[PDB]
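Text of structure19.csv (CSV, C-alpha atoms) as supplied:
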```csv
chain,number,residue,atom,x,y,z
A,17,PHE,CA,178.2,150.7,107.0
A,18,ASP,CA,176.9,153.6,109.2
A,19,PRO,CA,174.2,153.1,111.8
A,20,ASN,CA,173.2,156.6,111.9
A,21,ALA,CA,173.0,157.2,108.2
A,22,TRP,CA,169.6,158.2,106.7
A,23,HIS,CA,168.2,155.1,105.1
A,24,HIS,CA,166.5,155.5,101.7
A,25,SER,CA,163.3,154.3,103.3
A,26,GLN,CA,163.2,157.9,104.7
A,27,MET,CA,164.1,157.0,108.3
A,28,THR,CA,167.2,156.2,110.3
A,29,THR,CA,169.0,153.0,109.5
A,30,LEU,CA,168.2,151.8,113.0
A,31,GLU,CA,164.5,152.6,112.5
A,32,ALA,CA,164.6,150.7,109.2
A,33,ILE,CA,166.0,147.7,110.9
A,34,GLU,CA,163.4,147.9,113.7
A,35,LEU,CA,160.6,148.3,111.1
A,36,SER,CA,161.7,145.3,109.2
A,37,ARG,CA,162.0,143.1,112.3
A,38,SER,CA,158.5,144.1,113.3
A,39,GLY,CA,157.2,142.8,109.9
A,40,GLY,CA,156.5,146.3,108.5
A,41,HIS,CA,157.6,148.2,105.5
A,42,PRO,CA,157.8,151.8,104.2
A,43,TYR,CA,155.8,151.6,101.0
A,44,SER,CA,152.2,151.9,102.3
A,45,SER,CA,150.2,154.9,101.0
A,46,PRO,CA,148.2,157.1,103.5
A,47,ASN,CA,144.4,157.3,103.4
A,48,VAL,CA,143.9,154.3,101.0
A,49,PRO,CA,140.1,153.6,100.6
A,50,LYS,CA,139.0,150.3,102.2
A,51,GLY,CA,139.2,147.4,99.9
A,52,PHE,CA,141.9,148.9,97.8
A,53,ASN,CA,145.7,148.9,97.8
A,54,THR,CA,148.7,149.8,95.6
A,55,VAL,CA,150.8,147.2,94.0
A,56,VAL,CA,153.9,147.9,96.1
A,57,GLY,CA,151.7,148.2,99.3
A,58,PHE,CA,150.0,144.9,98.7
A,59,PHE,CA,153.2,143.2,97.8
A,60,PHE,CA,155.0,144.1,101.0
A,61,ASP,CA,151.8,143.5,103.0
A,62,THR,CA,152.2,139.9,101.7
A,63,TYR,CA,155.9,139.3,101.5
A,64,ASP,CA,158.7,140.4,103.7
A,65,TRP,CA,160.6,143.8,103.4
A,66,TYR,CA,164.2,143.9,104.4
A,67,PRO,CA,166.1,147.3,104.5
A,68,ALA,CA,168.6,146.5,101.8
A,69,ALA,CA,165.8,145.3,99.4
A,70,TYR,CA,166.2,148.3,97.1
A,71,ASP,CA,169.8,149.4,97.7
A,72,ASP,CA,170.6,149.3,94.0
A,73,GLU,CA,167.5,151.4,93.2
A,74,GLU,CA,168.3,153.8,96.1
A,75,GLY,CA,164.8,152.8,97.5
A,76,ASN,CA,162.7,153.3,94.4
A,77,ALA,CA,160.6,150.1,94.5
A,78,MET,CA,158.8,151.2,91.3
A,79,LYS,CA,162.0,150.5,89.3
A,80,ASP,CA,161.5,146.8,90.2
A,81,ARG,CA,160.9,144.9,86.9
A,82,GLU,CA,158.7,142.5,89.0
A,83,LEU,CA,156.5,145.4,90.4
A,84,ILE,CA,156.3,147.2,87.0
A,85,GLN,CA,154.9,144.0,85.4
A,86,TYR,CA,152.3,143.6,88.1
A,87,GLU,CA,151.3,147.3,87.8
A,88,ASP,CA,151.0,147.0,84.0
A,89,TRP,CA,148.8,143.8,84.4
A,90,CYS,CA,146.6,145.4,87.0
A,91,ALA,CA,146.0,148.5,84.9
A,92,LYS,CA,145.2,146.3,81.9
A,93,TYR,CA,142.6,144.1,83.6
A,94,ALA,CA,141.0,146.8,85.8
A,95,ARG,CA,140.2,148.6,82.5
A,96,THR,CA,138.9,145.7,80.5
A,97,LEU,CA,136.9,144.4,83.5
A,98,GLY,CA,135.5,147.9,84.3
A,99,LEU,CA,137.0,147.9,87.8
A,100,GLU,CA,137.2,151.1,89.9
A,101,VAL,CA,140.8,152.4,90.2
A,102,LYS,CA,141.6,154.9,92.9
A,103,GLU,CA,144.5,157.5,93.0
A,104,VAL,CA,146.3,157.7,96.3
A,105,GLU,CA,149.3,159.7,97.8
A,106,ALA,CA,152.6,158.0,97.4
A,107,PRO,CA,154.6,157.1,100.5
A,108,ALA,CA,157.6,159.3,101.5
A,109,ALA,CA,160.0,156.6,100.3
A,110,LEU,CA,158.6,157.1,96.7
A,111,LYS,CA,157.9,160.9,97.0
A,112,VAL,CA,161.7,161.3,97.2
A,113,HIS,CA,162.0,159.9,93.7
A,114,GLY,CA,159.4,162.1,92.1
A,115,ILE,CA,156.4,159.7,92.4
A,116,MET,CA,153.7,161.9,93.8
A,117,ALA,CA,150.8,159.5,93.5
A,118,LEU,CA,150.0,155.9,92.8
A,119,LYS,CA,147.2,153.8,91.4
A,120,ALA,CA,145.3,151.7,94.0
A,121,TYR,CA,143.4,148.6,92.7
A,122,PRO,CA,140.8,146.4,94.3
A,123,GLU,CA,142.4,143.8,96.6
A,124,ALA,CA,140.7,140.9,94.8
A,125,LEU,CA,142.5,141.9,91.6
A,126,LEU,CA,145.9,142.1,93.5
A,127,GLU,CA,145.2,138.7,95.0
A,128,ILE,CA,145.0,137.2,91.6
A,129,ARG,CA,148.2,138.7,90.3
A,130,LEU,CA,150.4,138.8,93.4
A,131,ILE,CA,149.5,135.5,95.2
A,132,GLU,CA,147.8,133.2,92.7
A,133,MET,CA,150.0,133.8,89.6
B,17,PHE,CA,131.3,102.7,60.8
B,18,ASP,CA,127.8,104.1,61.0
B,19,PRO,CA,127.7,107.7,59.9
B,20,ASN,CA,124.1,108.1,61.1
B,21,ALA,CA,124.5,106.7,64.6
B,22,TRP,CA,123.7,109.4,67.2
B,23,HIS,CA,126.7,110.9,68.9
B,24,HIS,CA,126.5,112.2,72.5
B,25,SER,CA,127.1,115.8,71.1
B,26,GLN,CA,123.5,115.6,69.9
B,27,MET,CA,124.3,115.2,66.2
B,28,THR,CA,125.1,112.2,63.9
B,29,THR,CA,128.6,110.8,64.2
B,30,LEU,CA,129.4,112.1,60.7
B,31,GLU,CA,128.1,115.5,61.7
B,32,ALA,CA,130.3,115.6,64.8
B,33,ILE,CA,133.4,114.7,62.7
B,34,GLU,CA,132.5,117.4,60.1
B,35,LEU,CA,132.0,120.0,62.9
B,36,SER,CA,135.3,119.0,64.6
B,37,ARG,CA,137.2,119.2,61.2
B,38,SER,CA,135.7,122.7,60.6
B,39,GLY,CA,137.1,123.9,64.0
B,40,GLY,CA,133.7,124.0,65.7
B,41,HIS,CA,132.3,122.5,68.9
B,42,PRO,CA,128.8,121.7,70.3
B,43,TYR,CA,129.1,123.5,73.6
B,44,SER,CA,128.3,127.1,72.8
B,45,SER,CA,125.2,128.7,74.3
B,46,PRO,CA,122.6,130.6,72.4
B,47,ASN,CA,122.1,134.4,72.9
B,48,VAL,CA,125.1,135.1,75.0
B,49,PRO,CA,125.5,138.9,75.4
B,50,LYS,CA,128.6,140.4,73.8
B,51,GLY,CA,131.7,140.3,76.0
B,52,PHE,CA,130.4,137.3,78.0
B,53,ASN,CA,130.8,133.5,77.6
B,54,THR,CA,130.5,130.3,79.6
B,55,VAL,CA,133.5,128.4,80.9
B,56,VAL,CA,132.9,125.5,78.5
B,57,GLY,CA,132.1,127.8,75.6
B,58,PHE,CA,135.3,130.0,76.0
B,59,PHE,CA,137.4,126.9,76.6
B,60,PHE,CA,136.5,125.2,73.3
B,61,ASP,CA,136.5,128.6,71.5
B,62,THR,CA,140.1,128.6,72.5
B,63,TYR,CA,141.1,124.9,72.3
B,64,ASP,CA,140.3,122.2,69.8
B,65,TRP,CA,137.2,120.0,70.4
B,66,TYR,CA,137.3,116.4,69.1
B,67,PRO,CA,134.2,114.1,69.1
B,68,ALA,CA,135.7,111.6,71.5
B,69,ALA,CA,136.6,114.3,74.0
B,70,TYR,CA,134.0,113.3,76.5
B,71,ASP,CA,133.3,109.7,75.7
B,72,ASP,CA,133.9,108.7,79.3
B,73,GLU,CA,131.4,111.4,80.5
B,74,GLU,CA,128.9,110.5,77.7
B,75,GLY,CA,129.3,114.1,76.6
B,76,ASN,CA,128.8,115.9,79.9
B,77,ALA,CA,131.7,118.4,79.8
B,78,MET,CA,130.6,119.8,83.1
B,79,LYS,CA,131.9,116.6,84.8
B,80,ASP,CA,135.5,117.5,83.6
B,81,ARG,CA,137.5,118.2,86.8
B,82,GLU,CA,139.5,121.0,85.0
B,83,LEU,CA,136.3,122.8,83.9
B,84,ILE,CA,134.8,122.4,87.3
B,85,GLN,CA,137.8,124.1,88.8
B,86,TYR,CA,137.7,127.0,86.3
B,87,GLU,CA,134.0,127.5,87.0
B,88,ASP,CA,134.6,127.6,90.8
B,89,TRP,CA,137.4,130.1,90.3
B,90,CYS,CA,135.3,132.4,88.1
B,91,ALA,CA,132.3,132.3,90.4
B,92,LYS,CA,134.5,133.2,93.4
B,93,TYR,CA,136.4,136.1,91.7
B,94,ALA,CA,133.3,137.4,89.8
B,95,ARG,CA,131.6,137.8,93.2
B,96,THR,CA,134.6,139.3,95.1
B,97,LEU,CA,135.3,141.7,92.3
B,98,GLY,CA,131.6,142.6,91.9
B,99,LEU,CA,131.5,141.5,88.2
B,100,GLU,CA,128.2,141.0,86.3
B,101,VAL,CA,127.3,137.4,85.9
B,102,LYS,CA,124.6,136.5,83.3
B,103,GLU,CA,122.5,133.3,83.2
B,104,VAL,CA,122.3,131.7,79.7
B,105,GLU,CA,120.6,128.7,78.1
B,106,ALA,CA,122.7,125.5,78.1
B,107,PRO,CA,123.6,123.9,74.8
B,108,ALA,CA,121.7,120.8,73.7
B,109,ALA,CA,124.8,118.6,74.4
B,110,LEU,CA,124.3,119.5,78.1
B,111,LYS,CA,120.5,119.8,78.3
B,112,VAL,CA,120.6,116.1,77.7
B,113,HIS,CA,122.3,115.6,81.1
B,114,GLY,CA,119.8,117.8,82.9
B,115,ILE,CA,121.8,121.1,82.8
B,116,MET,CA,119.3,123.7,81.8
B,117,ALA,CA,121.3,126.9,82.3
B,118,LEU,CA,125.0,127.9,82.7
B,119,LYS,CA,126.6,131.0,84.2
B,120,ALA,CA,128.3,133.3,81.7
B,121,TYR,CA,131.3,135.5,82.9
B,122,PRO,CA,133.0,138.5,81.4
B,123,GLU,CA,135.5,137.4,78.7
B,124,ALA,CA,138.3,139.3,80.5
B,125,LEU,CA,137.8,137.1,83.6
B,126,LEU,CA,137.9,133.9,81.5
B,127,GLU,CA,141.1,135.1,79.7
B,128,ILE,CA,142.9,135.2,83.1
B,129,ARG,CA,141.9,131.7,84.3
B,130,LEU,CA,141.8,129.8,81.0
B,131,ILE,CA,144.7,131.3,79.1
B,132,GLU,CA,147.1,133.1,81.5
B,133,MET,CA,146.8,130.5,84.3
```
Output the structure of this file as structure tokens.
Amino acid sequence: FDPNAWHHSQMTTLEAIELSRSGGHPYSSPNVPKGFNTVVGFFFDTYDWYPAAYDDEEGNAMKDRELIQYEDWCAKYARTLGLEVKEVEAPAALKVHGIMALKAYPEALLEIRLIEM
Amino acid sequence: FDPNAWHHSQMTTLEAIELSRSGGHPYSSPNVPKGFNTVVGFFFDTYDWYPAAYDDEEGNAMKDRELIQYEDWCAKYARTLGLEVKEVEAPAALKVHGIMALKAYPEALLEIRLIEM
């Protein structure tokens, strides 16, 4: 374990630790229109991120079987319900895995899937 | 057994039995636009109705605690999501309790609450 190593969250290990202790996370997208969020963003806005969360995935949250399911569900119901879906820039921690952009869904839809079910 | 005694579903006892045996129910509304349905309509379109279902309520399905919850849920999320909500004529089995109209929600919204949850 090295303190100075670059963490897969695209910051120093120390910075990752400070970020997690402050209740933050690295997976928020920039310039997300108000009332929208990405699945991964809303998930860690709700639940706690800890630096070792995606060690096995080398930081690629979008390999999480849990988050993939949520993403598939949100895509499905936003379409059948005629909801607006926005495209937003991926966070650096996902840009480094080849994900350039993410779908952002209405927060009410995320609330149903991520909190109620 | 009186086959011609009036059932609270607003048909003869015999008629209610025959309707139940054919997989029908008395709680559908007339002239519901395609892709919409009421809570009570969708519920019994999904699950089996039997004549004695609402003996205790003298046929007022909208006194069912479950169905009240589903209705409250759909009104809440239809509003927050900005979904279209239509007003439709109540079926006779509810007009007899003073309910003149029911709210009709998008079928996708009903699928979530009544089947997935």
*Using only C-alpha atoms, find the residues of chain A whose closest atom to chain B is at most 8 Å away, then write them as an NGL selection string.*
:A and (93 or 96-97 or 99 or 122 or 124-125 or 133)
*For residue 32 of chain A, which of A:109, A:116, A:101, A:83 is the closest residue, counting only C-alpha atoms?*
A:109
*Rank A:26, A:44, A:85, A:36 by their smallest atom-to-atom distance to residue 61 of chain A, using only C-alpha atoms, and report the top residue only.*
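The shortest atom-to-atom distance to residue 61 of chain A comes from A:44.
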*With distances taken over only C-alpha atoms, which of B:52, B:58, B:89, B:65 is nearest to residue 103 of chain B?*
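Under the stated criterion, the closest residue is B:52.
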*Shortest interatomic distance to residue 110 of chain A - which of A:78, A:27, A:35, A:48, counting only C-alpha atoms*: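 Looking only at the distances to residue 110 of chain A, the closest residue turns out to be A:78.
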*asked:* With all C-alpha atoms matched in order and chain A superposed on chain B by least squares, what's the RMSD to one decimal?
replied: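 Chain B versus chain A: RMSD of 0.6 Å.
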_Using all atoms listed in the file, which protein or nucleic acid residues come within 12 Å of residue 80 of chain A? Drop anything in the same chain fewer than 3 positions from it, and give the result as a ChimeraX atom specification._
/A:55-56,59,69-77,83-87
*In Å, how far is it from atom CA of residue 102 of chain B to atom CA of residue 63 of chain B?*
23.0 Å
*By how many Å are atom CA of residue 20 of chain B and atom CA of residue 115 of chain B apart?*
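Distance reported for this atom pair: 25.4 Å.
Interatomic distance, atom CA of residue 126 of chain A to atom CA of residue 81 of chain A: 16.6 Å.
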